[PDB]
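Have a look at query_2.pdb below; it lists PDB, C-alpha atoms.
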ATOM      1  CA  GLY Z   1       0.000   0.000   0.000
ATOM      2  CA  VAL Z   2       2.979   2.293   0.224
ATOM      3  CA  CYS Z   3       4.507   3.456  -2.996
ATOM      4  CA  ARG Z   4       8.079   4.452  -2.597
ATOM      5  CA  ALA Z   5      10.079   6.183  -5.270
ATOM      6  CA  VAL Z   6      13.644   5.014  -5.344
ATOM      7  CA  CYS Z   7      16.029   6.540  -7.793
ATOM      8  CA  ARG Z   8      19.030   4.647  -9.047
ATOM      9  CA  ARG Z   9      21.442   5.928 -11.718
ATOM     10  CA  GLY Z  10      19.000   8.748 -12.297
ATOM     11  CA  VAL Z  11      16.289   6.222 -12.998
ATOM     12  CA  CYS Z  12      13.441   6.732 -10.664
ATOM     13  CA  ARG Z  13      11.364   3.750  -9.955
ATOM     14  CA  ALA Z  14       8.294   3.787  -7.832
ATOM     15  CA  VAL Z  15       8.012   0.434  -6.153
ATOM     16  CA  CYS Z  16       4.913  -0.247  -4.183
ATOM     17  CA  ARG Z  17       5.022  -2.206  -1.012
ATOM     18  CA  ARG Z  18       1.914  -3.109   0.989
TER      19      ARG Z  18
END
Please go through the file and, once you have read it, give me the structure as structure tokens.
Amino acid sequence: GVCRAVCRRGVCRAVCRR
């Protein structure tokens, strides 16, 4: 239920976790 944006190498990825 919690979407977390994590950026790696300038690539931002929003992973969602519970």
Give me, as a short mmCIF file (atom, residue, chain, number, x, y, z; two decimals) with C-alpha atoms, in the coordinates of the input, all polymer residues having an atom no more than 10 Å from residue 13 of chain Z, counting all atoms listed in the file and skipping those fewer than 4 positions away in the same chain.
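Saved file part-v3.cif follows:
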data_model
loop_
_atom_site.label_atom_id
_atom_site.label_comp_id
_atom_site.auth_asym_id
_atom_site.auth_seq_id
_atom_site.Cartn_x
_atom_site.Cartn_y
_atom_site.Cartn_z
CA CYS Z 3 4.51 3.46 -3.00
CA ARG Z 4 8.08 4.45 -2.60
CA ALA Z 5 10.08 6.18 -5.27
CA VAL Z 6 13.64 5.01 -5.34
CA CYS Z 7 16.03 6.54 -7.79
CA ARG Z 8 19.03 4.65 -9.05
#
Write out as AutoDock Vina command-line options an axis-aligned box for segment 5-15 of chain Z: all of its atoms listed in the file, 8 Å added on each side, centre and edge lengths in Å with one decimal.
--center_x 14.7 --center_y 4.6 --center_z -9.1 --size_x 29.4 --size_y 24.3 --size_z 23.7
Q) Which residues match the PyMOL selection byres ((chain Z and resi 17) around 10) in the file above, as a PyMOL selection string? A) chain Z and resi 1-4+14-16+18
